[PDB]
Amino acid sequence: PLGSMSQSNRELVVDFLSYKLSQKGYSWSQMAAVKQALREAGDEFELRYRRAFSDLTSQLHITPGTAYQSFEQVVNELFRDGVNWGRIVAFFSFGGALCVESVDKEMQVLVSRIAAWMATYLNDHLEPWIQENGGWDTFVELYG
Amino acid sequence: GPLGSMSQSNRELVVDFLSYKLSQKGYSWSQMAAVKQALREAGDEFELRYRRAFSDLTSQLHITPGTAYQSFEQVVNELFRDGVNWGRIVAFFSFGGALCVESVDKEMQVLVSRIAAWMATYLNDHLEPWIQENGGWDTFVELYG
Ligand SMILES: O=C(Nc1nc2ccccc2s1)c1cccc2c1CN(c1nc(C(=O)O)c(CCCOc3ccc(-n4ncc5cncnc54)cc3)s1)CC2
Ligand SMILES: O=C(Nc1nc2ccccc2s1)c1cccc2c1CN(c1nc(C(=O)O)c(CCCOc3ccc(-n4ncc5cncnc54)cc3)s1)CC2
């Protein structure tokens with residue numbers, strides 16, 4: 001495709017510059033700052049806290065037959081006692097784990113399905129809370 | 001804002017987060033996944049051990065809000081005056097990174113977007129032909145990854 005080099009060079013430059021900015025405590029953009037805080041929070045969640053909780057991947061046991069309804073019910077369990085930032089981090093980590101598991105099990109088509117599930121769940125179930133509780137900028141202040 | 005206004009941002013978070021988690025397990029959301037990581041690591045190594053040996057290109061550019069691509073190109077050409085190799089391309093990226101940091105330091109944050117565009121332009125005009133004849137970025141990854 002004619003515009004394929006534009007997209008990949010942009011991607012490369014922005015990634016490198018965003019990385020160098022972050023190393024000095026700066027951000028390419030406010031969205032870059034949220035992405036970075038969420039990446040790091042996911043890492044911290046996985047390193048220290050995932051172990052404490054019921055394994056959501058065991059509750060979903062994802063297969064090529066799994067639809068959003070099943071994902072939603074399992075994620076509803078995560079937020080059964082309410083939403084907070086930590087549980088939102090767990091939600092992202094869960095989606096990440098599902099994608100890795102899928103590729104591991106040679107079900108790569110599920111990665112696109114899972115991404116679509118996450119966006120829909122964010123939209124339908126989490127955006128009201130995120131907005132009511134100070135938005136992603138507040139997450140960055142707390143978890144960055 | 002009205003419900004629905006956060007959709008695009010939240011979608012970006014999903015794509016970024018999943019790409020990150022996949023990359024940690026050696027999988028690639030994007031085709032550029034290996035290249036990005038290799039370039040990050042190379043930039044770090046250049047800055048830690050090799051930058052010190054060379055003429056400071058940020059001093060040669062002394063970037064201001066009035067700086068235009070021409071001045072940037074003149075300074076980067078100095079880097080490649082004696083030819084292109086991968087190490088000097090890493091130095092080019094490191095130089096762009098340092099310019100962005102300096103711009104933010106000096107409250108000229110507007111230059112960051114400008115620098116990114118300059119780097120794309122320089123890459124396209126001067127380096128991309130060399131990169132393609134020297135095995136492409138895939139070859140960079142095997143050499144510097
Ligand atoms: O999570 C669950 N199950 C998972 N199964 C998998 C499987 C695969 C992958 C992921 C998961 S998650 C689960 C399942 C069923 C029910 C419930 C859960 C999770 N609940 C949780 N409550 C809380 C809570 O504080 O109230 C959770 C958050 C724990 C704390 O976190 C973090 C803490 C700190 C950070 N930080 N970083 C950077 C940083 C900087 N400063 C300060 N804190 C920081 C990040 C995460 S989480 C309760 C309900
Ligand atoms: O660079 C210059 N000036 C800078 N000023 C700033 C200011 C701010 C920020 C950045 C810079 S850079 C400069 C200025 C004027 C003229 C010239 C230069 C730079 N020249 C250079 N020649 C060479 C060369 O080997 O031939 C350069 C590369 C040096 C070595 O590298 C690396 C070496 C190793 C790695 N690696 N990692 C990981 C890794 C894994 N495997 C193998 N190598 C690896 C990365 C970079 S670089 C010569 C001309």
# chains A, B, ... in the order shown; residues from 1 in each chain; ligands from 1
>>> interface_residues(of="chain B", to="chain A", cutoff="8 Å", atoms="only C-alpha atoms", output="ChimeraX atom specification")
/B:1,3-4,6-7,9-11,13-18,20-22,25,32,35-36,39-40,93,96-98,100-101,104,112,116,119-120
>>> residues_near_ligand(ligand="ligand 1", cutoff="8 Å", atoms="only C-alpha atoms and all ligand atoms", output="MDAnalysis selection string")
chainID A and resid 37:38 40:46 48:58 75 77:81 84:98 142:144
>>> write_last_selection(atoms="C-alpha atoms", output="tab-separated table (two decimals), in the first residue's frame")
chain	number	residue	atom	x	y	z
A	37	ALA	CA	0.82	4.81	33.61
A	38	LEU	CA	-1.55	1.99	32.65
A	40	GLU	CA	3.25	0.27	34.44
A	41	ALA	CA	0.19	-0.36	36.62
A	42	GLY	CA	-0.54	-3.55	34.67
A	43	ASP	CA	3.05	-4.67	35.25
A	44	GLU	CA	2.82	-3.89	38.97
A	45	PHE	CA	-0.57	-5.61	39.23
A	46	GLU	CA	0.78	-8.75	37.54
A	48	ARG	CA	2.49	-8.30	43.01
A	49	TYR	CA	-1.25	-8.54	43.17
A	50	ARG	CA	-2.79	-10.89	40.55
A	51	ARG	CA	-1.81	-13.83	42.78
A	52	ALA	CA	-4.31	-12.76	45.47
A	53	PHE	CA	-7.40	-13.14	43.31
A	54	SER	CA	-9.61	-15.73	41.68
A	55	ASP	CA	-8.16	-16.46	38.23
A	56	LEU	CA	-10.54	-14.83	35.73
A	57	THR	CA	-9.01	-16.80	32.85
A	58	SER	CA	-10.12	-19.97	34.62
A	75	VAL	CA	-15.70	-9.26	34.05
A	77	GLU	CA	-17.54	-10.70	38.62
A	78	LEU	CA	-14.37	-8.59	38.82
A	79	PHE	CA	-16.51	-5.51	39.45
A	80	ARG	CA	-19.15	-7.27	41.55
A	81	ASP	CA	-18.33	-5.18	44.62
A	84	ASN	CA	-12.04	1.20	41.47
A	85	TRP	CA	-8.82	1.99	39.60
A	86	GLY	CA	-7.10	-1.18	40.77
A	87	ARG	CA	-9.93	-3.32	39.37
A	88	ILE	CA	-9.75	-1.39	36.12
A	89	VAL	CA	-6.04	-2.25	35.98
A	90	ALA	CA	-6.97	-5.91	36.66
A	91	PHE	CA	-9.47	-5.75	33.77
A	92	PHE	CA	-6.75	-4.62	31.33
A	93	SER	CA	-4.37	-7.24	32.69
A	94	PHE	CA	-7.09	-9.87	32.20
A	95	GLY	CA	-7.63	-8.86	28.57
A	96	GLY	CA	-3.87	-8.97	28.07
A	97	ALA	CA	-3.70	-12.44	29.57
A	98	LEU	CA	-6.54	-13.65	27.35
A	142	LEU	CA	-2.57	8.28	41.38
A	143	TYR	CA	-0.74	5.49	39.50
A	144	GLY	CA	1.88	7.36	37.50
>>> atom_distance(atom1="atom CA of residue 59 of chain A", atom2="atom CA of residue 72 of chain A")
11.4 Å
>>> residues_near_ligand(ligand="ligand 2", cutoff="8 Å", atoms="only C-alpha atoms and all ligand atoms", output="PyMOL selection string")
chain B and resi 38+41-47+50-59+76+78-82+85-99+143-145
>>> select_by_dssp(residues="segment 4-105 of chain B", states="alpha helix (DSSP H)", output="PyMOL selection string")
chain B and resi 7-24+33-45+57-61+69-79+86-105
>>> closest_residue(among="B:23, B:64, B:37, B:30", to="residue 110 of chain B", atoms="only C-alpha atoms")
B:64
>>> decode(residues="segment 1-88 of chain B", atoms="C-alpha atoms", output="PDB file, in the first residue's frame")
ATOM      1  CA  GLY B   1     -18.592  14.791  29.010  1.00  0.00           C
ATOM      2  CA  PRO B   2     -21.621  12.974  27.637  1.00  0.00           C
ATOM      3  CA  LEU B   3     -21.319   9.210  27.695  1.00  0.00           C
ATOM      4  CA  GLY B   4     -19.718   8.184  24.475  1.00  0.00           C
ATOM      5  CA  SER B   5     -17.111  10.956  24.548  1.00  0.00           C
ATOM      6  CA  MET B   6     -14.480   8.673  26.099  1.00  0.00           C
ATOM      7  CA  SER B   7     -14.830   5.862  23.532  1.00  0.00           C
ATOM      8  CA  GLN B   8     -11.957   6.799  21.259  1.00  0.00           C
ATOM      9  CA  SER B   9      -9.518   7.298  24.155  1.00  0.00           C
ATOM     10  CA  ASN B  10     -10.521   4.070  25.829  1.00  0.00           C
ATOM     11  CA  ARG B  11     -10.083   2.181  22.565  1.00  0.00           C
ATOM     12  CA  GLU B  12      -6.552   3.584  22.225  1.00  0.00           C
ATOM     13  CA  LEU B  13      -5.831   2.334  25.764  1.00  0.00           C
ATOM     14  CA  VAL B  14      -7.014  -1.145  24.828  1.00  0.00           C
ATOM     15  CA  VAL B  15      -4.869  -1.314  21.700  1.00  0.00           C
ATOM     16  CA  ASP B  16      -1.824   0.102  23.457  1.00  0.00           C
ATOM     17  CA  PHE B  17      -2.113  -2.159  26.494  1.00  0.00           C
ATOM     18  CA  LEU B  18      -2.685  -5.358  24.541  1.00  0.00           C
ATOM     19  CA  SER B  19       0.189  -4.512  22.187  1.00  0.00           C
ATOM     20  CA  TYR B  20       2.456  -4.025  25.220  1.00  0.00           C
ATOM     21  CA  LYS B  21       1.437  -7.279  26.928  1.00  0.00           C
ATOM     22  CA  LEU B  22       1.784  -9.242  23.704  1.00  0.00           C
ATOM     23  CA  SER B  23       5.250  -7.780  23.091  1.00  0.00           C
ATOM     24  CA  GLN B  24       6.384  -8.841  26.572  1.00  0.00           C
ATOM     25  CA  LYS B  25       5.673 -12.437  25.551  1.00  0.00           C
ATOM     26  CA  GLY B  26       7.452 -12.015  22.238  1.00  0.00           C
ATOM     27  CA  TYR B  27       4.324 -11.467  20.150  1.00  0.00           C
ATOM     28  CA  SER B  28       3.775  -8.549  17.776  1.00  0.00           C
ATOM     29  CA  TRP B  29       0.605  -6.497  17.612  1.00  0.00           C
ATOM     30  CA  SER B  30       2.370  -4.314  15.070  1.00  0.00           C
ATOM     31  CA  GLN B  31       4.882  -5.215  12.386  1.00  0.00           C
ATOM     32  CA  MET B  32       7.218  -2.599  13.841  1.00  0.00           C
ATOM     33  CA  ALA B  33       7.182  -4.261  17.296  1.00  0.00           C
ATOM     34  CA  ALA B  34      10.695  -5.783  17.170  1.00  0.00           C
ATOM     35  CA  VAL B  35      12.168  -2.666  15.568  1.00  0.00           C
ATOM     36  CA  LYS B  36      10.787  -0.305  18.205  1.00  0.00           C
ATOM     37  CA  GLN B  37      12.198  -2.347  21.071  1.00  0.00           C
ATOM     38  CA  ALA B  38      15.568  -2.820  19.407  1.00  0.00           C
ATOM     39  CA  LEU B  39      15.778   0.893  18.666  1.00  0.00           C
ATOM     40  CA  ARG B  40      14.827   1.847  22.256  1.00  0.00           C
ATOM     41  CA  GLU B  41      17.539  -0.415  23.628  1.00  0.00           C
ATOM     42  CA  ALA B  42      20.119   0.855  21.116  1.00  0.00           C
ATOM     43  CA  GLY B  43      19.294   4.478  21.910  1.00  0.00           C
ATOM     44  CA  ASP B  44      19.852   3.683  25.610  1.00  0.00           C
ATOM     45  CA  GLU B  45      23.207   2.025  24.897  1.00  0.00           C
ATOM     46  CA  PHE B  46      24.359   4.875  22.651  1.00  0.00           C
ATOM     47  CA  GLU B  47      23.510   7.494  25.248  1.00  0.00           C
ATOM     48  CA  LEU B  48      25.063   5.518  28.082  1.00  0.00           C
ATOM     49  CA  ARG B  49      28.412   4.692  26.493  1.00  0.00           C
ATOM     50  CA  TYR B  50      29.044   6.419  23.161  1.00  0.00           C
ATOM     51  CA  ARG B  51      27.352   9.859  22.924  1.00  0.00           C
ATOM     52  CA  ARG B  52      30.106  11.320  25.113  1.00  0.00           C
ATOM     53  CA  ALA B  53      32.709  10.795  22.373  1.00  0.00           C
ATOM     54  CA  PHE B  54      31.051  13.014  19.825  1.00  0.00           C
ATOM     55  CA  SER B  55      30.407  16.652  19.028  1.00  0.00           C
ATOM     56  CA  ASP B  56      27.173  17.651  20.765  1.00  0.00           C
ATOM     57  CA  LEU B  57      24.664  18.117  17.952  1.00  0.00           C
ATOM     58  CA  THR B  58      22.195  19.897  20.262  1.00  0.00           C
ATOM     59  CA  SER B  59      24.818  22.639  20.644  1.00  0.00           C
ATOM     60  CA  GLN B  60      25.174  22.860  16.871  1.00  0.00           C
ATOM     61  CA  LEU B  61      21.446  23.308  16.363  1.00  0.00           C
ATOM     62  CA  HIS B  62      20.684  25.391  19.477  1.00  0.00           C
ATOM     63  CA  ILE B  63      17.029  24.831  18.765  1.00  0.00           C
ATOM     64  CA  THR B  64      14.538  27.692  19.231  1.00  0.00           C
ATOM     65  CA  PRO B  65      10.898  28.222  18.162  1.00  0.00           C
ATOM     66  CA  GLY B  66      12.328  29.809  15.025  1.00  0.00           C
ATOM     67  CA  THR B  67      14.203  26.684  14.022  1.00  0.00           C
ATOM     68  CA  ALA B  68      13.069  25.237  10.704  1.00  0.00           C
ATOM     69  CA  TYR B  69      13.851  21.928   9.005  1.00  0.00           C
ATOM     70  CA  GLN B  70      16.773  23.421   7.086  1.00  0.00           C
ATOM     71  CA  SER B  71      18.828  23.972  10.233  1.00  0.00           C
ATOM     72  CA  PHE B  72      17.974  20.487  11.500  1.00  0.00           C
ATOM     73  CA  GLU B  73      18.992  18.923   8.194  1.00  0.00           C
ATOM     74  CA  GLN B  74      22.331  20.813   8.188  1.00  0.00           C
ATOM     75  CA  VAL B  75      23.166  19.482  11.634  1.00  0.00           C
ATOM     76  CA  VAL B  76      22.039  15.919  10.950  1.00  0.00           C
ATOM     77  CA  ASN B  77      24.059  15.930   7.687  1.00  0.00           C
ATOM     78  CA  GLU B  78      27.078  16.520   9.884  1.00  0.00           C
ATOM     79  CA  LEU B  79      26.309  13.196  11.591  1.00  0.00           C
ATOM     80  CA  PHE B  80      26.293  11.350   8.229  1.00  0.00           C
ATOM     81  CA  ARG B  81      28.987  13.447   6.568  1.00  0.00           C
ATOM     82  CA  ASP B  82      31.298  10.432   6.285  1.00  0.00           C
ATOM     83  CA  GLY B  83      28.563   7.956   5.358  1.00  0.00           C
ATOM     84  CA  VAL B  84      25.622   6.064   6.812  1.00  0.00           C
ATOM     85  CA  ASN B  85      25.768   3.120   9.197  1.00  0.00           C
ATOM     86  CA  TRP B  86      23.365   1.717  11.802  1.00  0.00           C
ATOM     87  CA  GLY B  87      25.211   3.276  14.737  1.00  0.00           C
ATOM     88  CA  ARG B  88      24.850   6.748  13.245  1.00  0.00           C
TER      89      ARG B  88
END
